[PDB]
Every structure is written in C-alpha cells, then in structure tokens.
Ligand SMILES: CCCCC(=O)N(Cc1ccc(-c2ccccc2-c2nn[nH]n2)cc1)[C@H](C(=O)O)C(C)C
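Next up is one chain by itself, shown in structure tokens, the form solved without the named molecule.
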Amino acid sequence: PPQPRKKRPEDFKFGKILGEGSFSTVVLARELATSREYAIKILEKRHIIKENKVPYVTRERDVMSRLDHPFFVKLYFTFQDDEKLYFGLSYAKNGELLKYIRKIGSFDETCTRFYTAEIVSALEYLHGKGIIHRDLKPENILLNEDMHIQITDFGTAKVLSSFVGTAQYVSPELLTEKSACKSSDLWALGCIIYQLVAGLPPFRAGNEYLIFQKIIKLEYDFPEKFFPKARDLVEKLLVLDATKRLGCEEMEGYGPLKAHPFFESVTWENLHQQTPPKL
C-alpha cells in the first residue's frame, strides 16, 4: 500500500531536549500539519560511523518498528538529511519512572503492584517476540500522559534466533560469562521492584567495580519496611542462577510469575485500560 511521504526537518517545530547520550539526542517536536507531538531522536551519522555504532542504531530501528504494544515507545517514522538520522518516537509526556521514584521517595504497595504488573506484562510481550532488552531500568521506563508505562531505548537489545548495561541493574551472568538471556531482564525487574519499594537500587557502592562485586556475591539486603510479598517476589528474581528466576523458560515462564501472591489482586488482561493509582 502507499504510505505517507517521508517527513523532513521542516515539517516540525523542534522544542526542548528530552534526553541525551554521547551519540544521540531526543528532542520534543510538534508536527506542523497535525499538531502532533513526537520525541524525535536525532543521530549524527559521522559520529555513529566513527564510533562503530551502526549495528546498535540499526537494531533499535528494527526492534522499535516491530513492536506493537501500548507499553512500548513506538517508532512512527524515520528520515535523514545530509548530517543526521531522525527517528520519530512516541512522546511520553510524564518522562522517566526514575523521576517519580525520586520525587515521592518510594511507592506504596498499590502503586508498586500496578507498575510492576505493567512492566511484567511488557516483558511478557517482548520476550514472546524473542527480544531481550538488556538495559532495563527506571530511566528508560517512561510514563505517558495517562501515567501508563512506555518502555524505550532498544539499541542495546538482543534478538534471539558484547554489551554490559547500567551497572546497578547488570545481571551476574554478564559479569561472569558475558552472556545475556531473557532472564537477564527478569534480574533487572527484581532490581526495579526493589527500588520502587525501598526508594533505592539494591546493589549500591562507591564505584562500578564495587557494585559488580556485590552483584556476583548477591550482597544486598531488605529494609524492615518492605512489603513481605514483594520481598518474596524479589528474592525469586534476584537469583544468581539465571535458570532459576521466576518468569524464565526453565521456570515455565510468565504463568507462575503472574501467579505470585504479590500480584493477587491484579487483572492482567487489560492493564492498559485500567486507571493507574495516584502517586
């Protein structure tokens, strides 16, 4: 079928910077013809080539095109000019989950349960497509205007059929084997649940090396104020042996994870249609 013609920079009014890395910048843009807002990721070709990032850029475009689920930032279009590639992404107006953790300190049980359930439901979808995120963290779990999650940042994803993520959420197997699997994302999930409840990531230290040391030793502990059922769930995700994490294939997948007592009151069928709890 015929699709709309390529967009170009002049079709947009660019605004504020939404996010930044050493190889790309995400900028809010309003499409003039439609008044729609997009988060446009701008990548300078020369720099990407120079630093050998072509496979990562290609990976993100491929992944984010293929995903069709409300809990994921969508890639709507791409275009380029002489110097730059542009990716038109969903604009998640409320920004990072990290911002909310910092703002409110830690989440109550109702909010922890709901947002954890959305993240689990997103991973079920992603893993069902044979894709591993590999760098899941509250910085790339965004919140849309309606306060549902939208997960982004897929250049480092792996597609089943090399790279080490953010220190605090790195799984032990990446430190001891250099090998990621679906279960690496479930480890990150365990860290994120811990952070929602405690207000801080479970493996913390003065520098990267010391964090990694704690991870491989499973050296962390729970505060006294930690929802007991949430603690049990986290203990079943933060497991050194990757084949023993709740939710992984060797543990028979998402059924037993979603059945965990922490999720008792959750209706998994239509989370996106439910109204999120007030933070």
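Start at 1 with the first residue shown and count on from there.
K.L.:
Over the set of other compared entries for this protein, does residue 195 lack coordinates in at least a third of them?
P.N.:
Looking at the other entries that model residues on either side of it, residue 195 is present in every one.
K.L.:
Out of the other entries of this protein with residues modelled on both sides, is residue 161 skipped in at least a third?
P.N.:
In at least a third of the other entries, residue 161 has no coordinates.
K.L.:
Using only the Cα atoms and their B-factors as the entry lists them, report which of 33-41 and 49-57 averages higher.
P.N.:
Here the higher of the two C-alpha B-factor means belongs to 49-57.
K.L.:
Please compare 170-178 with 111-119 and name the stretch with the higher mean C-alpha B-factor in the deposited structure.
P.N.:
Comparing averages over the C-alpha atoms only gives 170-178.
K.L.:
From 137, 99, 127, 148, can you pick the one with the highest C-alpha B factor in the entry?
P.N.:
That would be 99.
K.L.:
Per the coordinate record, which of the options 190, 202, 105, 155 holds the highest CA temperature factor?
P.N.:
Comparing C-alpha B-factors across 190, 202, 105, 155, the maximum falls on 105.
K.L.:
So where's residue 183 on the chain's Cα temperature factor ranking, which third?
P.N.:
Ranked within chain, residue 183 CA B lands in the middle tercile.
K.L.:
Hey, what third does residue 256 fall into on Cα B-factor, ranked over its chain?
P.N.:
For residue 256, whose C-alpha B-factor we compare with every modelled residue in the chain, the answer is the lowest third.
K.L.:
When the modelled residues of the chain are sorted by Cα temperature factor, does residue 132 land in the lowest, middle or highest third?
P.N.:
For residue 132, the deposited C-alpha B-factor lands in the middle third.
K.L.:
If you rank every modelled residue in this chain by C-alpha B factor, which third holds residue 67: lowest, middle or highest?
P.N.:
Its C-alpha B-factor, which the entry lists for residue 67, ranks in the highest third among residues of this chain.
K.L.:
Check where residue 95 lands among this chain's C-alpha B-factors and tell me if it's the lowest, middle or highest third.
P.N.:
Tercile = middle for this residue's CA B-factor.
The same protein also exists as the form solved in complex with the named molecule; that form is not shown, yet it is the one meant from here on.
K.L.:
Since exactly one of 244, 30, 45, 229 fits, which has a heavy atom within 4.5 Å of the named molecule in the deposited bound form?
P.N.:
None of the others qualify; the residue that does is 45.
K.L.:
So if I measure heavy atom distances to the named molecule in the deposited bound form, which of the stretches 186-194, 109-117, 77-85, 170-178 falls within 4.5 Å?
P.N.:
It is 77-85 that comes within 4.5 Å of the partner.
K.L.:
Each of 258, 265 and 279 having a non-hydrogen atom within 4.5 Å of the named molecule in the deposited bound form: is that the case here?
P.N.:
No, none of the three is in contact.
K.L.:
Within 4.5 Å, heavy atoms only: does residue 36 come near the named molecule in the deposited bound form?
P.N.:
The answer is no: residue 36 has no heavy atom within 4.5 Å of the named molecule.
K.L.:
At the 4.5 Å heavy atom threshold, is residue 6 in contact with the named molecule in the deposited bound form?
P.N.:
Contact check for residue 6: yes, within 4.5 Å of the named molecule in the deposited bound form.
K.L.:
Using a 4.5 angstroms cut-off on non-hydrogen atoms, would residue 251 count as touching the named molecule in the deposited bound form?
P.N.:
Contact with the named molecule, no.
K.L.:
Is residue 237 close enough to the named molecule in the deposited bound form to count, meaning some heavy atom within 4.5 Å?
P.N.:
No, no contact at 4.5 Å.
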